[PDB]
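Structure 1 and structure 2, given next as structure tokens, are two forms of the same protein chain, each shown alone.
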Structure 1
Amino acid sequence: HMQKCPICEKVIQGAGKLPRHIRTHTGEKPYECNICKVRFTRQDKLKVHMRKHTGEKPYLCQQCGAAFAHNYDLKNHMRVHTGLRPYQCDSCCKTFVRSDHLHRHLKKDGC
């Protein structure tokens, strides 16, 4: 369930997820694309890469017809139609539409 990496000593969660993390140290990339033969450290990244060769964006917006490569990217897009800005800075009260936009504002100062 939880284990420390023998190289970086950071805690890795999830059973069987340690070899995947160690590949970020060793750099080994077992999964290879059948077309461009670019190698990848993880299988889910290679699967996403194969869609780049076809241009497939399977997740479509119901309102504007916009296509996205990831289903969670489509949920981020729905905020354009709903106008919802769920992230807010408790010091400024300024709102954002993505979490990293709020994270960028907090690491600054003078706010």
Structure 2
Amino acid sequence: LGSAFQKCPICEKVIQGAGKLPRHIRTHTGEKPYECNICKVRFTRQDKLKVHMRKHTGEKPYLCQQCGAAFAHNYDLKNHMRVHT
């Protein structure tokens, strides 16, 4: 009822955080909308994709600031950036 909490429409559990209901709903539906650009593994949250990318940034340190895609060469990252703008 408070602005800090939401009720899940599927399971009626209370969830904390104004924007944090969608990440809970995806745990029901299985939606994994974040994909590692290197190994294509998918994740339910940007949260855990960012941590997963640590596996790759040792060899691919050039990171997109919009989506976190990792690249071995800066000219690869620059070509990626065309996709955003």
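Reference numbering: structure 1, starting with residue 1. Heads up, when I say rigid core I mean the largest set of C-alphas that superpose within 1.5 Å between the two forms.
Peer 1: Hinge check: of 25, 54, 30, 38, which sits where one rigid part gives way to the other between the two structures?
Peer 2: Every other option is far from a hinge; the hinge one is 54.
Peer 1: Report the rigid-body rotation angle of the smaller part versus the larger between the two structures, as an integer number of degrees.
Peer 2: Comparing the two forms, the smaller part rotates by 133 degrees relative to the larger.
Peer 1: Rigid-core fit: what Cα movement does residue 43 have between the two structures, in Å to one decimal?
Peer 2: Displacement of the alpha carbon, after core fit: 0.4 Å.
Peer 1: Provide the displacement, in Å, of the CA of residue 74 between the two structures, taking the core as the superposition reference.
Peer 2: It moves 31.7 Å at the C-alpha.
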